[PDB]
Structures are given as C-alpha cells and as structure tokens.
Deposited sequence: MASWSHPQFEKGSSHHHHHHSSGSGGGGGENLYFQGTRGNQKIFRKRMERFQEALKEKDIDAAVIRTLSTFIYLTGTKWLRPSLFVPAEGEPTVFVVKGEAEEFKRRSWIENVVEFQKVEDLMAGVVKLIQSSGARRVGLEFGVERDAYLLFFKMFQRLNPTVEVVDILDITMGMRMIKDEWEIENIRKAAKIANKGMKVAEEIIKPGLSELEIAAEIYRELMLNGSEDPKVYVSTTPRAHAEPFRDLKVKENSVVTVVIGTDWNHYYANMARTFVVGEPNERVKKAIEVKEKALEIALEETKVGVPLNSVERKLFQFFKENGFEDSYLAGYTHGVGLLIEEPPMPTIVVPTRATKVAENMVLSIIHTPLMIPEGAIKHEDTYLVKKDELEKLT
C-alpha cells in the first residue's frame, strides 16, 4: 500500500478487524474481549490506555475509554462505537451488556503475556457471565500478526534505523566509570527524540539475560558492556543488541566471542523458508557442544518481532514445530552466551524473504 498517512490509513485496520471476525466465526466464538495492548493497536490502529476493545463475531466493535477521551481517540481510529465511563465498574458492566445483547455463548480472551492480560478481569468475567465459556484466542490474534504486510515491514524498517541511532549513542559514550543507568539514559533520550514512543534499553556490566540497568554498576577497564535495544515506530519494534569490549578482553571473553560469531553464521545460513526452528536449534546446540560450551547453551535463538519486541514464533511454557515462513520478521541471535564477564550478545532484526534474510538493523 502506497501514500499511507503518518500512522497508516484507517482501511488497514478495518481489513484486519474483518479478517479477525471471520477467524472468530470459524472457531464458533461469538465475541472477543481484547485487553492486550499490542492486539488493541493491531485492530484499532492506535495505542490507547487502558486497552479495552469488544469485538462481536458479527457487527461493529466497541472501544471503552474514560470520560473526556472519546474525541481524541475517534480522531485517531476508525472505530465509531466509543463508550466513556467514569468508574472501572462501568466498564465490566458495559462488557456484560454487550455480552447479553449479542447473545454470546463462547467469548474469546487473550491469555497473553502483556498488559492488560491480568487475572482479575478473567475471574470477574466468569462470575458475571456464568453461561459463557471463556476460550483463549492468543493463537488467533498472534496467528494474524506473524506474517507482516508491506506497511508493517516499512514501520519495522524505520524502527531499525532508530535503533541504530540509539546504538551509535551507546558506542560513543561507553567508557570506564559510567554506570549502566547513565548509559541507558542517553540511549533512551535519543530513541525518544527520534519518535519512538515505548523504547526498552538494557545495559549490562554483569551477566544478566534481562539487563534492566542499575544506578550503581559501573563500566570497568578491560571489560565488556552489553546493550540491548527494542525501539518502535508506529508501535512496531526493531530489536538489536551489541557487545562492546572496553579495553583489552581476557582469554575467556575472546573465546566466547569467537564461538558466538560462529554460531551467528550458522543461524543465519540455516534460517530459511520452510525450515523448522528446532532444526536450527539442534544445529546451534550441537555446535556449542563440539566447542566445549555445552553448559553455556540457552534455547531460543530467535523470536518474532512486531507490535511486541518478542512475539511468536518464540519459546514458551511443544505440539507441532514452527517453520520459517516468508515475511516473518525475526530477531537473531536473541540468546546470550553467559560468562562471568557478561552476557555475550549480538542481535539484529531480519526480514525473511523468499531466498534470503534481509538485515534491517
């Protein structure tokens, strides 16, 4: 699609909603309550908090906002049914009324891993809708998002250029004596000043796989510093990670870096259309074992990227394999090699094309 407004033409989101409603019909689901932010953005075209969206299998959807907010939300979204409330009580009562008016018998809810997929709404809904069967629809919503359209890809391309600007800042400022938090602060600002509305920055000077920065951990001489960025454009993310060597690396760091380099070459060469992800995992594990790094292997070399930094295909808490498919957007390699000196990481966002992987970051 060409000549899209700065946030996408409203037709994009109408079509996604229509395809979502057909998917509900195919599974005999009468309606869906969408309370995850990422799927709310996917279907309405805008970020709004808290995300509260009711989608009947047939008919017009409804969005619930706080009194006073309808005018800006309607300026941003194609959705016309907007209900304002003054108390969170009225919201559940509003959902209950649309449940009754539509005669729904099976209602979808996303058992997801993001705001606002929390436990209390699910429990209250069951008590207040006793005749209704709640069905998890995360397979549906993530199923639609796994293959990107051309506008989504263009958004991720822009986010990847922003990630690069943030990583350039990181490389320029990292030096002995800075704290993880001071480094993250400058990266964050640079990302936000280039238009990212919800960036996430990790900076580690110790081995941590999810390294939100600390104020009192400082860069040392002859060390490594690992920076991870997930940053957005039009709410679509790009993910990238770099390991910086400060001064002279010791023998264990150099060996771990050489192994990570060779593992990346394997992952990129073997990730192609039609390959099951676990086929590549097996190869990466076997490679770590041949090099005396069997105990250092972590599963999950890649994940999808989109309206979430991490989205399927990804490791979760096993039925059928997931095969690489064209127009997936994948982050490679996501896992660190953990040594006492730090989390050795080199990560980029790639578009899966028919015959190759195109690096976007």
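- Absent C-alpha positions map to the deposited sequence ranges 1 to 31, 349 to 350, in order along the chain.
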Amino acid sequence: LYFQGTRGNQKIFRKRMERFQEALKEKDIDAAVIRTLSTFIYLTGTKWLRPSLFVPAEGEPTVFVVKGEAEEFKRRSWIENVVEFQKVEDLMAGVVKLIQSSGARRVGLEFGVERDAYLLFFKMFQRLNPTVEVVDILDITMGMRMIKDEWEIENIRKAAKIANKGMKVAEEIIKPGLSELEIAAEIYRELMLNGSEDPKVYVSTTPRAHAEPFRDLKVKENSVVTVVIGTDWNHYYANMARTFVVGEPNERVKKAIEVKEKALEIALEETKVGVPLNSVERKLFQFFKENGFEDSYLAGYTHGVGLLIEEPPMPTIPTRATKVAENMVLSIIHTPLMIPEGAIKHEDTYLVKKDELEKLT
From here on, numbers count along this sequence of modelled residues.
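- Between the stretches 154 to 162 and 277 to 285, it is 277 to 285 that shows the larger average CA temperature factor.
- Higher mean CA temperature factor, per the PDB entry, when comparing 113 to 121 with 86 to 94: 86 to 94.
- Across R50, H303, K323, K47, the entry's maximum B-factor at the CA atom is seen for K323.
- Note on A238, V132, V228, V224: the highest value goes to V132, judged by CA B factor as recorded.
- Remark: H346 belongs to the lowest third of its chain, ranked by C-alpha B-factor as recorded.
- Residue-level temperature factors show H334 in the lowest third of its chain, judged at the C-alpha atom.
- Ranked against the other modelled residues of its chain, the C-alpha B-factor of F40 as given in the entry falls in the lowest third.
- Ranked against the other modelled residues of its chain, the C-alpha B-factor of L360 as given in the entry falls in the lowest third.
- Annotation for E212: CA B-factor lies in the lowest third of the chain's modelled residues.
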